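Enquirer: enclosed are the sequence and the experimentally obtained structure.
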Protein chains: 2
Amino acid sequence: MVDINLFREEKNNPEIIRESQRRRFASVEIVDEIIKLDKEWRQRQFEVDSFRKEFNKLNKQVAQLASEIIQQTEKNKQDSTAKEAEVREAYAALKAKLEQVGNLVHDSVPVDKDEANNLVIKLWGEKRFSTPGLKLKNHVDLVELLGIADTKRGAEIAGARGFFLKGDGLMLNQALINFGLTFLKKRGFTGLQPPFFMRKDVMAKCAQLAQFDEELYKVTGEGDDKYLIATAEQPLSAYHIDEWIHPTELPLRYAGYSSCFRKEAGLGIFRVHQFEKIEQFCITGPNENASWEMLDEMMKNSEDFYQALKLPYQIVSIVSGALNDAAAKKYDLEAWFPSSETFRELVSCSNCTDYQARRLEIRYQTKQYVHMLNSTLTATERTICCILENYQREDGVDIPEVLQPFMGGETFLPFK
Amino acid sequence: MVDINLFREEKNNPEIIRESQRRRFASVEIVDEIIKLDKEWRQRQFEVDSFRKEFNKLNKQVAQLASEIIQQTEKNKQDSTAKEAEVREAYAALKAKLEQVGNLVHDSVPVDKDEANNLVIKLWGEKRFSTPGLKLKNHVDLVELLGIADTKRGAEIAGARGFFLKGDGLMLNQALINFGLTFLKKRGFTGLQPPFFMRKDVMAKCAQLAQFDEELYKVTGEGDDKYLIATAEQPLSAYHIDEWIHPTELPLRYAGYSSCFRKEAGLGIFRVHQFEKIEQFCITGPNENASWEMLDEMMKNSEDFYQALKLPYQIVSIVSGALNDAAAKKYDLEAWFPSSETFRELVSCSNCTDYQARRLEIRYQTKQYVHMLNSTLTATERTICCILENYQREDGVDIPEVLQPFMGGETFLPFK
């Protein structure tokens, strides 16, 4: 939820919310609905203090003086707990409209309703193509040829889009997780591996609202009903819930690692239900444009990493209309897939400012909340598919150089 | 299920099954029940061939010759599909008793009803104790002091016995998985990472019967209802289901790796719902005592590994009475926990011979099935708890030597 204070011309200026609503191609009226609703809530919270205030003007000098105004102090003491309710059903009606307002869209964000108008802002890398000596194979056919996944036996076991990693497939995955974690460790990041369970209660306060809520796997189990996490970002957001964080602790840098479960996948390993993910999770103070410097820091770390792997890519800024509710601004790094000659998304990078922080009561007198950003570094299975296509030869695949140490210095996976 | 042929004095000797039943402290009568039930099944399968045989003795020479025996060939052709049913409800009654017979208990197995009488057969390692200079801490208090798990924030997120790994905790876990996988790779093992999902249909044919069936997490999800795997052994067993395997492919050696989910756990990380596991999975021919040599091979690999980590241990042979239904014979490697001065189980090692193979129709003329063995190498979280206790000092923990390369050559985790 956004800050009710960004709606009050008493403390202004609500037109900023109105602009954000326009850019999100969503209700501008709801900004008037909510102002009226706040008006009521703070009236009733004062129509309480009307009774509270009269209350010690009635019990002013009952003993220190006879009088029958103590039949009225029965009406008042009682009245104080009548308005006591009104406040509670005002605030709740206010919260039901407020919950629907997306985060304030940053002015740098391209305004448009369609991802088709999504804006490329940076290129890097020399893109391979099929020549007539080398017809470039797709990840699907390179996996089979290489013998490093069993999607057939995987599908009969876990159902559709289910895979085993096998032999040098498993080493590669593990190779990439450790390259990932050390890469981030060197840049001041602290590992966190969350549980792949989250209580629906907590999840309710997390993710990106009604869009990422009733579309996870359910786990029946032991205590409360639980979800399988879709993204390490979710649990990591819940770390530091209801906590205070001290200016001196910030910034915080968690290299998140977990297995990931998504219901909406659609035999390869790009389009899957289960997969592993390293993520950059970062908390900042809310002032001094600290979260905006941190977005650049994370985006640079994602670029540096895809450069280390020598994977050609392009960076796209996402249109205001495509931003989800938490995100104030967002980049994709889309990486080159030679066989099909398309860019595909391997990284998403978001500044969500205080939007989740305010829900998870993650505090920084008059209520300041911290800024939180999240940036996939590598979905390993996808990243591998990208690596197989870009490093293929006539009779196998060359291992990226940075990943050769974590594979015992092997440099080539031969076709079977 | 055991081989119905091990019950037939026609092909003998059923007393061997009777002995196994005694050693398992279970019904000996059921061996007579089942002989009678097989008798019926093969009678009715012949009371079919009674009709089938008469059938071409009636349709002997109908054309090649008048006669009204073709009113009888109506009774017969029909009768052939009456007994056709009897066979199908005989075999099914036979299967309902047969399903309850545990695997043939190996003669080397100590006969007894109580794990209390579980037989120590080998020691290794010099066990540390609390001296009055060094009071030895437990894994629970070493984790907190070291700052490498958050069981508090973990518990509020995933519910009870839920943990984050953190900083050098995560490196250690990853360190141990890779030490594990390379260790086994050098000994002729091939990585397999299964899916953490299995369709209940398949799981039904897997695990150790009614004891390991209605006690997994349930996953609601997309297609059929699924379980979270309790052990990498389960999926790996389903690999090669309904397949033939060629003498020349055997032996097979899968180093299984997965995350693992158990409902029955009971703040530390020893007694947990989610954890990771490397396992030795091995398939052999059924002859030439090949599975029995393979059990020794795997047991030696488990010993070598706990020696590499310099963890003192003892090997126990499990009493006939404690063997589950799949297991013909079983060892535990129980490792030394100094603070509490107890041995705790870090490895289980089973020869299940053809028991699952016969259910999963995993074939090797007259029906031969392969032998399958399974042996945990490391439950990482437990293995770490063991490592923290045995390598502690006054102001932190020394990293095992073999694990120092996979931690960038760090040799000490300092207390906070």
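Expert: Ah, there it is. Numbering: from 1, shown residues only, chains lettered A, B, ... in the order given.

Enquirer: which ones are touching residue A:241?
Expert: Neighbouring residues of residue A:241 by Cβ atoms under 8 Å, 6 or more residues apart in numbering or on different chains: A:202, A:205, A:360, A:361, A:362, B:153, B:156. To be clear about C-beta, it is placed using only N, CA and C from the backbone, and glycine gets the same treatment.

Enquirer: can you tell me which of the residues you listed are buried?
Expert: In these, burial by neighbour count holds for A:202, A:360, A:362, B:153, B:156, counting by 16 or more other Cβ atoms under 10 Å in any protein chain shown.

Enquirer: tell me the domain boundaries of chain A?
Expert: Following automatic domain parsing, chain A resolves into domains at A:4-98, A:115-414.

Enquirer: now the ones you listed as CSV including distance to residue B:55?
Expert: Listed next are those as CSV, based on distance: least, Cβ to Cβ, whole Å:
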stretch, distance to residue B:55
domain A:4-98, 77
domain A:115-414, 39
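
Enquirer: give the contact list for residue A:148.
Expert: Applying Cβ under 8 Å, 6+ apart, we find residue A:148 in contact with A:165, A:166, A:167, A:168, A:169, A:170, A:172, A:413.

Enquirer: next one: it from residue B:389, what distance?
Expert: Distance, residue A:148 to residue B:389, by Cβ to Cβ, to the nearest Å: 38 Å.

Enquirer: can you check residue A:150 too?
Expert: Distance from residue A:150 to residue B:389, by Cβ to Cβ: 39 Å.

Enquirer: sorry, back to before: which among the domains of chain A is found nearest to residue B:42?
Expert: Comparison of the domains of chain A against residue B:42 by Cβ to Cβ identifies domain A:115-414 as nearest, at 32.7 Å.

Enquirer: what about the closest one, distance to the chain center?
Expert: Put simply, domain A:115-414 sits 11 Å off its chain's centre (Cα atoms, centre = their mean, to the nearest Å).

Enquirer: distance between the ends of that domain?
Expert: For domain A:115-414, the first-to-last residue distance is 40 Å (Cα to Cα, to the nearest Å).

Enquirer: now whichever residue of the stretch 1-150 of chain A sits closest to chain B. Nearest residue, chain neighbours left out?
Expert: Nearest to chain B, among the residues of the stretch 1-150 of chain A, is residue A:150, at 7.3 Å (Cβ to the nearest Cβ). Residue nearest to residue A:150 in three dimensions, not counting chain neighbours: residue A:164, with 4.3 Å by Cβ to Cβ, 6 or more residues apart in numbering or on different chains.

Enquirer: next, count neighbours for the one you found.
Expert: Taking other Cβ atoms under 10 Å in any protein chain shown as the criterion, the count of residues near residue A:164 is 26.

Enquirer: that one touches residue B:194, doesn't it?
Expert: Yes - between residue A:164 and residue B:194 a contact is recorded at 5.7 Å, counting by Cβ atoms under 8 Å.

Enquirer: any shared contact partners between those two?
Expert: Common neighbours of residue A:164 and residue B:194, using Cβ under 8 Å, 6+ apart, are A:154, B:235, B:239.

Enquirer: tabulate the residues you listed in a markdown table, adding columns for secondary structure and neighbour count.
Expert: Formatted as a markdown table, those follow (DSSP: H, G, I helix; E, B strand; the rest coil; neighbours: other Cβ atoms under 10 Å in any protein chain shown):
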| residue | secondary structure | neighbour count |
| --- | --- | --- |
| A:154 | helix | 28 |
| B:235 | helix | 28 |
| B:239 | coil | 23 |
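
Enquirer: make CSV from the residues you listed and add distance to residue A:314 to it.
Expert: Formatted as CSV, these follow (distance: Cβ to Cβ, whole Å):
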residue, distance to residue A:314
A:154, 32
B:235, 39
B:239, 40
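
Enquirer: can you list contacts of stretch A:15-27?
Expert: So stretch A:15-27 is contacted by A:2, A:6-7, A:28, A:30-31, A:100-105, A:109, A:111, A:113, A:320-321, A:323 (Cβ under 8 Å, 6+ apart).

Enquirer: in stretch A:324-344, which residues are buried?
Expert: Quick answer for stretch A:324-344 (16+ other Cβ under 10 Å): A:324-339, A:343.

Enquirer: which ones among those residues are found in strands?
Expert: Counting by DSSP state E, the part of these found in strands is A:329, A:330, A:331, A:332, A:333, A:334, A:335, A:336, A:337, A:343.

Enquirer: tell me how far the fifth one lies from residue A:311.
Expert: So that's residue A:333. Distance, residue A:333 to residue A:311, by Cβ to Cβ: 9 Å.

Enquirer: likewise the second one?
Expert: Look at residue A:330 and residue A:311: by Cβ to Cβ, they are 21 Å apart.

Enquirer: hmm, back to that, quick one: which of the contacts of stretch A:15-27 sit in helices?
Expert: Judged by DSSP state H, the contacts of stretch A:15-27 include A:30, A:31 as members of helices.

Enquirer: residue A:110 against residue A:120, yeah?
Expert: No - counting by Cβ under 8 Å, residue A:110 sits too far from residue A:120 to count as a contact (10.7 Å).
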